[PDB]
Amino acid sequence: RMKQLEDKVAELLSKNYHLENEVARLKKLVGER
Amino acid sequence: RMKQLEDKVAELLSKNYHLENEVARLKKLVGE
């Protein structure tokens with residue numbers, strides 16, 4: 001279960017980084033928009 | 001160490017939800 005928890009943290013950091021990248025992308029669209 | 005990893009998941013999933021909600025709002029502003 002420890003390795004499961006570890007993998008879930010890896011997974012969530014990656015998802016959050018993706019979402020941060022999206023927020024940045026959309027903020028960029030807002031500017032030019 | 002179990003507790004540490006559990007609390008990290010709680011923390012990151014909360015953050016995830018905040019970020020998802022911000023993306024949702026921005027997408028509606030821009031038209032996605």
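Scanning chain B for residues that are loosely packed, with under 13 Cβ neighbours inside 10 Å, more than 13 Å from A:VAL23 (Cβ to Cβ) and either in contact with a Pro (Cβ under 6 Å, 6 or more places away or on another chain) or not hydrophobic (A, V, I, L, M, F, W, C) (or both) yields a total of 9. Candidates in the stretch A:7-33 are the residues that are among the acidic types (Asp, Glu) and at the interface with another protein chain (Cβ under 7 Å from one of its Cβ atoms); of these, the one that is nearest to B:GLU11 (Cα to Cα) is A:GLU20.
Coordinate-derived values only; no laboratory data. When we count neighbours, we look across all protein chains shown, and the Cβ atoms used for this are built from the backbone with ideal geometry, even at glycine.
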